[PDB]
């Protein structure tokens, strides 16, 4: 009776479906797959990437950056929503091949440094290559690259290091306030009395209110379905996108229903 074999982290086929860059605003492009968000922001002094997707998406991200006229050495900074394998997957490889720096808060930094292993809820099941954070950022800290200011908003819950990123772009000269908010889901998490996260419920609740108050004209999420984006349809991709209030309210109704079933 041999011990079990290791099990690969395997996701939906659409999470790994490459797509050509889809323009969000004047400087902002979606360059990930159909169902995983990877945002490229092009400035006069370099490029900023927010999330990278799965581990095996590293080559596709660089191919899309080339299509945008962004050489590898032009990627200055990597920002993250949270350091799970399906959002921070290729960060280690991207650092080696681009010379970019990574900016994260302490919680995302320690999780990223151990490649997602020893997860509070998933154990060692979703491990990925580790990377180091070069800059630690605090709640409300501004990160400026090429004139574009990125403000971090901590929203703990899905991970302790979960972070929303806001910045103002333009739509043909007219300013548009973009908010890239992290996941508000708890897929199979023990919510009440979790010895690895004793104040988990207080963090989620406080984060629901955080997402509501975000300065937002256009919302995006790591999983585009969470905010009702549809990257595959091109132009009408943002047609049915939720507001910040709708997104945090829908997430909280699922949180409470899950919290109530957990007591049952």
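Numbering follows the first chain given and starts at 1. Heads up, when I say rigid core I mean the largest set of C-alphas that superpose within 1.5 Å between the two forms.
S.K.: Out of 131 to 139 and 172 to 180, which one drifts farther from the shown form in 9 other deposited structures of this protein in terms of CA positions, with the fit done on the rigid core?
M.R.: This comes out as 172 to 180, the stretch further from the shown form in 9 other deposited structures of this protein.
S.K.: Determine, for stretches 50 to 58 and 209 to 217, which one has the higher mean CA B-factor as deposited.
M.R.: So the stretch with the higher mean C-alpha B-factor is 209 to 217.
S.K.: Should the higher mean CA B-factor in the entry be assigned to 69 to 77 or to 126 to 134?
M.R.: Comparing averages over the C-alpha atoms only gives 69 to 77.
S.K.: From 151, 168, 162, 118, pick the one with the largest CA B-factor in the entry?
M.R.: Among 151, 168, 162, 118, the PDB entry lists the largest C-alpha B-factor for 168.
S.K.: So among 40, 237, 36, 226, who wins on Cα B-factor in the entry?
M.R.: The listed residue with the largest C-alpha B-factor is 237.
S.K.: Ranked by Cα temperature factor within the chain, is residue 231 in the lowest third, the middle third or the highest third?
M.R.: Within its chain, residue 231 is a highest-third residue by C-alpha B-factor, going by the deposited values.
S.K.: Please place residue 114 in the lowest, middle or highest third of its chain by C-alpha B factor as given in the entry.
M.R.: According to the entry, residue 114 has a C-alpha B-factor in the chain's lowest third.
S.K.: For residue 92, return the chain-relative third of its C-alpha B-factor as stated in the PDB record: lowest, middle or highest.
M.R.: Tercile = lowest for this residue's CA B-factor.
S.K.: Name the third of the chain's ranked CA B-factors that contains residue 100, choosing lowest, middle or highest.
M.R.: Middle third of the chain for residue 100's C-alpha B-factor.
S.K.: In terms of the CA temperature factor given in the entry, to which third of its chain does residue 185 belong: lowest, middle or highest?
M.R.: Its C-alpha B-factor belongs to the highest third of this chain's values.
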